[PDB]
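The file final_13.cif comes next; it holds mmCIF, C-alpha atoms and all ligand atoms.
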data_work
loop_
_atom_site.label_atom_id
_atom_site.label_comp_id
_atom_site.auth_asym_id
_atom_site.auth_seq_id
_atom_site.Cartn_x
_atom_site.Cartn_y
_atom_site.Cartn_z
CA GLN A 3 69.88 116.99 114.81
CA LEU A 4 73.21 115.98 116.51
CA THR A 5 73.01 115.13 120.25
CA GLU A 6 75.51 114.47 123.02
CA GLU A 7 74.09 110.94 123.41
CA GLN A 8 74.83 110.23 119.69
CA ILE A 9 78.39 111.49 120.10
CA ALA A 10 78.84 109.31 123.20
CA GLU A 11 77.76 106.10 121.45
CA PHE A 12 79.99 106.84 118.51
CA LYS A 13 82.86 107.36 120.93
CA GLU A 14 82.04 104.04 122.63
CA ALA A 15 82.14 102.19 119.32
CA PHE A 16 85.44 103.85 118.16
CA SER A 17 86.93 102.83 121.51
CA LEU A 18 86.11 99.17 121.05
CA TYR A 19 88.39 99.22 117.98
CA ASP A 20 91.00 101.60 119.42
CA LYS A 21 92.05 99.42 122.40
CA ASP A 22 95.32 101.17 123.24
CA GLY A 23 93.59 104.55 123.22
CA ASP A 24 95.96 106.50 120.93
CA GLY A 25 93.22 107.79 118.64
CA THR A 26 94.05 105.85 115.46
CA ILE A 27 92.88 102.35 114.41
CA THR A 28 95.67 100.02 113.13
CA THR A 29 95.52 96.73 111.18
CA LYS A 30 96.30 94.91 114.48
CA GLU A 31 93.29 96.46 116.21
CA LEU A 32 90.97 95.90 113.22
CA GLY A 33 92.06 92.25 113.09
CA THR A 34 91.17 91.63 116.76
CA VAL A 35 87.55 92.78 116.17
CA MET A 36 87.11 90.86 112.92
CA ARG A 37 88.40 87.62 114.45
CA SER A 38 85.84 88.11 117.31
CA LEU A 39 83.06 88.25 114.66
CA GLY A 40 84.13 84.87 113.28
CA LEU A 41 86.38 85.94 110.39
CA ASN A 42 90.05 85.28 109.78
CA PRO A 43 91.57 87.98 107.54
CA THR A 44 95.22 88.29 106.46
CA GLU A 45 97.25 91.46 107.16
CA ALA A 46 96.85 92.59 103.51
CA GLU A 47 93.07 92.10 103.56
CA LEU A 48 92.95 94.26 106.69
CA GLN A 49 94.96 96.97 104.82
CA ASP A 50 92.59 96.86 101.77
CA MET A 51 89.71 97.57 104.28
CA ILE A 52 91.51 100.62 105.72
CA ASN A 53 92.38 101.84 102.19
CA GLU A 54 88.61 102.04 101.42
CA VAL A 55 87.82 104.70 104.04
CA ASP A 56 91.33 106.25 104.40
CA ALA A 57 90.29 109.73 103.23
CA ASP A 58 93.57 111.48 104.19
CA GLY A 59 96.01 108.89 102.85
CA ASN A 60 97.88 108.26 106.09
CA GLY A 61 97.42 104.48 106.26
CA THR A 62 95.25 104.19 109.39
CA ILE A 63 91.63 105.01 110.37
CA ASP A 64 90.77 108.13 112.41
CA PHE A 65 87.49 109.31 113.98
CA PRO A 66 85.80 111.01 110.98
CA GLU A 67 86.83 108.09 108.77
CA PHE A 68 85.26 105.58 111.19
CA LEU A 69 82.08 107.66 111.11
CA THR A 70 81.75 107.03 107.33
CA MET A 71 82.01 103.23 107.92
CA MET A 72 79.13 103.48 110.43
CA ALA A 73 77.10 105.53 107.97
CA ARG A 74 77.44 102.75 105.39
CA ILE A 75 76.37 99.84 107.66
CA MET A 76 73.28 101.66 109.00
CA CA A 101 95.02 102.64 118.42
CA CA A 102 93.39 108.03 107.71
#

Would you write the structure of this file as structure tokens?
Ligand SMILES: [Ca+2]
Ligand SMILES: [Ca+2]
Amino acid sequence: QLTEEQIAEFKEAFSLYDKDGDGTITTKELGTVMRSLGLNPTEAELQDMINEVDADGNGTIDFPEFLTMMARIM
């Protein structure tokens, strides 16, 4: 049962990571969110996190890939 409200909240969450609005999440953008949680990862640690959900091999996180991260934390 997929609603427009569901889609809107997912969009809101993606947008919190994708600050510059170009549709992909970079290590810089991931780092800003993790440091706000209280963590302090290195650049390489941030790339190992992307590598985990990077289903198309392009090095950064896109919308469907972000959706699988959300599915795992729920
Ligand atoms: Ca971006
Ligand atoms: Ca990707």

Which residues of chain A come within 9 Å of ligand CA 102 (chain A), and for each one, what is the closest pair of atoms and their distance in Å to one decimal, counting only C-alpha atoms and all ligand atoms, sorted by chain and residue number, as CSV?
residue,atom,partner,partner_atom,distance
A:26,CA,A:CA102,CA,8.1
A:27,CA,A:CA102,CA,8.8
A:52,CA,A:CA102,CA,7.9
A:53,CA,A:CA102,CA,8.4
A:55,CA,A:CA102,CA,7.5
A:56,CA,A:CA102,CA,4.3
A:57,CA,A:CA102,CA,5.7
A:58,CA,A:CA102,CA,4.9
A:59,CA,A:CA102,CA,5.6
A:60,CA,A:CA102,CA,4.8
A:61,CA,A:CA102,CA,5.6
A:62,CA,A:CA102,CA,4.6
A:63,CA,A:CA102,CA,4.4
A:64,CA,A:CA102,CA,5.4
A:65,CA,A:CA102,CA,8.7
A:66,CA,A:CA102,CA,8.8
A:67,CA,A:CA102,CA,6.6

Have a look at A:13, A:21, A:74, A:37 and name the one nearest to ligand CA 101 (chain A); count only C-alpha atoms and all ligand atoms.
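Between A:13, A:21, A:74, A:37, the residue approaching ligand CA 101 (chain A) most closely is A:21.
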
From the list A:6, A:54, A:31, A:14, which residue is nearest ligand CA 101 (chain A) when using only C-alpha atoms and all ligand atoms?
A:31

Could you give me, as a VMD selection string, the residues within 10 Å of residue 12 in chain A, counting all atoms listed in the file and dropping anything in the same chain fewer than 5 positions from it?
chain A and resid 6 to 7 17 65 68 to 69 72

Suppose you want the space between atom CA of ligand CA 101 (chain A) and CA of residue 76 in chain A; what is it in Å?
23.7 Å

Starting from the incomplete input, reconstruct N, CA and C atoms of range 58-69 of chain A and write that as a PDB file, keeping the file's coordinate frame.
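Result written to part-v3.pdb:
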ATOM      1  N   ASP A  58      92.391 110.609 104.171  1.00  0.00           N
ATOM      2  CA  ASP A  58      93.570 111.480 104.190  1.00  0.00           C
ATOM      3  C   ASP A  58      94.891 110.837 103.767  1.00  0.00           C
ATOM      4  N   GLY A  59      94.845 109.555 103.421  1.00  0.00           N
ATOM      5  CA  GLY A  59      96.010 108.890 102.850  1.00  0.00           C
ATOM      6  C   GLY A  59      97.091 108.447 103.816  1.00  0.00           C
ATOM      7  N   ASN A  60      96.826 108.551 105.112  1.00  0.00           N
ATOM      8  CA  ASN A  60      97.880 108.260 106.090  1.00  0.00           C
ATOM      9  C   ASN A  60      98.035 106.807 106.532  1.00  0.00           C
ATOM     10  N   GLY A  61      97.215 105.904 105.992  1.00  0.00           N
ATOM     11  CA  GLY A  61      97.420 104.480 106.260  1.00  0.00           C
ATOM     12  C   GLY A  61      96.651 103.850 107.406  1.00  0.00           C
ATOM     13  N   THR A  62      96.039 104.670 108.255  1.00  0.00           N
ATOM     14  CA  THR A  62      95.250 104.190 109.390  1.00  0.00           C
ATOM     15  C   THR A  62      93.913 104.928 109.450  1.00  0.00           C
ATOM     16  N   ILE A  63      92.983 104.437 110.278  1.00  0.00           N
ATOM     17  CA  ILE A  63      91.630 105.010 110.370  1.00  0.00           C
ATOM     18  C   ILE A  63      91.472 105.952 111.565  1.00  0.00           C
ATOM     19  N   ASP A  64      91.027 107.186 111.320  1.00  0.00           N
ATOM     20  CA  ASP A  64      90.770 108.130 112.410  1.00  0.00           C
ATOM     21  C   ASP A  64      89.269 108.298 112.662  1.00  0.00           C
ATOM     22  N   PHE A  65      88.899 109.195 113.576  1.00  0.00           N
ATOM     23  CA  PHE A  65      87.490 109.310 113.980  1.00  0.00           C
ATOM     24  C   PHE A  65      86.503 109.664 112.846  1.00  0.00           C
ATOM     25  N   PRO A  66      86.763 110.725 112.058  1.00  0.00           N
ATOM     26  CA  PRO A  66      85.800 111.010 110.980  1.00  0.00           C
ATOM     27  C   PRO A  66      85.701 109.889 109.950  1.00  0.00           C
ATOM     28  N   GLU A  67      86.787 109.149 109.772  1.00  0.00           N
ATOM     29  CA  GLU A  67      86.830 108.090 108.770  1.00  0.00           C
ATOM     30  C   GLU A  67      85.995 106.889 109.232  1.00  0.00           C
ATOM     31  N   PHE A  68      85.993 106.657 110.551  1.00  0.00           N
ATOM     32  CA  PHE A  68      85.260 105.580 111.190  1.00  0.00           C
ATOM     33  C   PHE A  68      83.753 105.876 111.078  1.00  0.00           C
ATOM     34  N   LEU A  69      83.432 107.147 111.275  1.00  0.00           N
ATOM     35  CA  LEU A  69      82.080 107.660 111.110  1.00  0.00           C
ATOM     36  C   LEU A  69      81.479 107.342 109.719  1.00  0.00           C
TER      37      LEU A  69
END
